Ligand SMILES: [Mn+2]
Ligand SMILES: [Mn+2]
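Residue numbers (the authors' numbering), protein chains in the order written: chain B, 1 to 93, 97 to 211; chain A, 1 to 93, 97 to 213.
Below you can see the structure in the form of structure tokens.
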């Protein structure tokens, strides 16, 4: 079918203690796997099966109406997670961006420290399941969030927000409950340790 | 302030193995506590602080607009969880209802087994955080679900569904991840073991009053 589960760029325990191996394993091999399987089933009937996922989710307006929900959720699931594994890494940096990106950040947010707050807040104040994102939007950076597996690539009409994600954090409870339980903020603070800013800079460039 | 955290009807470990003690504890003393605290902060400015929570959530259309979301989420949170603790119990029944309620269930769903499937599916197919409910609606029972801390008492306009809940299961991942991780269906199947059907009957009776 269209989609398969990407292999991770690192081992299930590469991100310890920030994220636990068990969680990485379940998250990847079950949660992501299902988004993939279920998207594949949706794409069954359709003209859309050979599209790149990140293209597919920009065309939910074009797909069969009675598939739209299923694809939004599961194609969304797949796109969101495929990104997430790639913007994390072992042994990064204290870790921060530099270059064109650090400059972008400074202009849009004031500083990296300021950006980190604005990001953590979008993430904290996201109620129920969702994601928080750093997007490029008209060449300028902004921070935003989405419900469930919604992505800014799906446009304002569908996701409530818009822009191109270059960084995202899963704040579905499955992403952090085993290690941090209710302590979402503890999870968010640990996150910064494992961001791969090389990859995020990589995408700043593209998205420009 | 308006609200406080209710005490549970049973010990944190009363529902083992179906739900683990640690989860009950965090679920009650953190998750619910926050819904209570946050609701109290919202109610601060307002004419609505002395309402019963289950009345308050039926008047979100009446409250200040800029408080509406905070209250839907947090008063919702508080109402949902206050109910949830009360419809579970230790050492129930194989556990099932009887009386006026078993009849009601038979007429609306065909049988208890059938009802359990309809309920398990509403719960399973609920995407992201939310709840599954057994509601009374025009005297007839139905099964429905809601996003996040939405409750059918908020009406169709806000919750997407309507009716009076007499049973609900939390399918926020916080409710089951420690014990079941991704296995929501395993969680749902265990739940039937700790339903208190006496309390659910009790509500059927009340909710029948128009
Ligand atoms: Mn996830
Ligand atoms: Mn809960």
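Note that beta-carbon positions come from the ideal geometry of N, C-alpha and C, so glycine has one too.
Taking contact to mean 3 or more Cβ pairs, one atom from each stretch, closer than 8 Å, check whether the region 57-64 of chain B and the region 138-147 of chain B are in contact. no
Looking at the unbroken alpha helix (DSSP H) that takes in residue 203 (chain B), where does it start and where does it end? 200-210
Can you give the Cα-Cα distance for residue 137 (chain A) and residue 193 (chain A), rounded to whole angstroms? 17 Å
Classify residue 114 (chain B) as buried or exposed, calling it buried when 16 or more other Cβ atoms lie within 10 Å of its own Cβ. exposed
Just checking, does the region 74-87 of chain B make contact with the region 47-54 of chain B on the three C-beta pairs under 8 Å criterion? yes
Hey, residue 147 (chain B) and residue 15 (chain B) are a contact pair by Cβ (cut 8 Å); roughly how many whole angstroms apart? Rounded, the Cβ-Cβ distance is 25 Å, inconsistent with contact.
Measure the Cβ-Cβ separation of residue 104 (chain A) and residue 207 (chain A) and say whether it is below 7 Å. yes
Inter-residue Cα distance where the pair is residue 201 (chain B) and residue 179 (chain B): Their Cα atoms are separated by approximately 24 Å.
Contacting positions in the region 22-51 of chain B - beta carbon closer than 7 Å to chain A: 26, 30, 31
Should residue 130 (chain A) be flagged as near chain B, meaning a C-beta pair shorter than 7 Å? yes
Secondary structure at residue 135 (chain A), three-state DSSP: helix, strand or coil? strand
Spatial neighbours of residue 21 (chain B) within its chain, please: C-beta separation below 7 Å, excluding the five flanking residues on both sides. 12, 13
My understanding is that residue 185 (chain A) touches residue 31 (chain B), with C-beta atoms under 8 Å, so please give their C-beta distance in whole angstroms. 6 Å
Per-residue DSSP class, three states only, for residue 105 (chain B): In the structure shown, residue 105 (chain B) adopts helical secondary structure according to DSSP, grouped into three states.
One or two residues paired with residue 110 (chain B) in a DSSP bridge: Answer is none; residue 110 (chain B) lacks a bridge partner.
First and last residue of the beta strand (DSSP E) that includes residue 148 (chain A)? 143-150
Identify, in the order they occur along the chain, each residue of the same chain with its Cβ nearer than 7 Å to the Cβ of residue 181 (chain A), setting aside the five sequence neighbours on each side. 20, 22, 23
Grab the span of the alpha helix (DSSP H) containing residue 172 (chain A) for me, first residue to last. Here residue 172 (chain A) belongs to no alpha helix (DSSP H); instead the beta strand (DSSP E) covers 167-173.
Check whether the Cβ atoms of residue 36 (chain A) and residue 5 (chain A) sit closer than 7 Å, and answer yes or no. yes
For residue 88 (chain A), which residues does DSSP report across the bridge? A:198
Under 8 Å, CB to CB, which of the residues in the region 180-192 of chain A have a partner in chain B? 180, 181, 184, 185
Assuming residue 126 (chain B) and residue 170 (chain B) form a contact by the criterion Cβ under 8 Å, report the distance between their Cβ atoms to the nearest whole angstrom. Actually they do not touch by this definition, with Cβ atoms about 11 Å apart.
Under 7 Å between C-beta atoms, does residue 74 (chain B) make it to chain A? For residue 74 (chain B), not one C-beta of chain A is nearer than 7 Å to its own C-beta.
For residue 140 (chain B), write down the residues that DSSP places opposite it in a beta bridge. For residue 140 (chain B), DSSP records a beta bridge to B:143.
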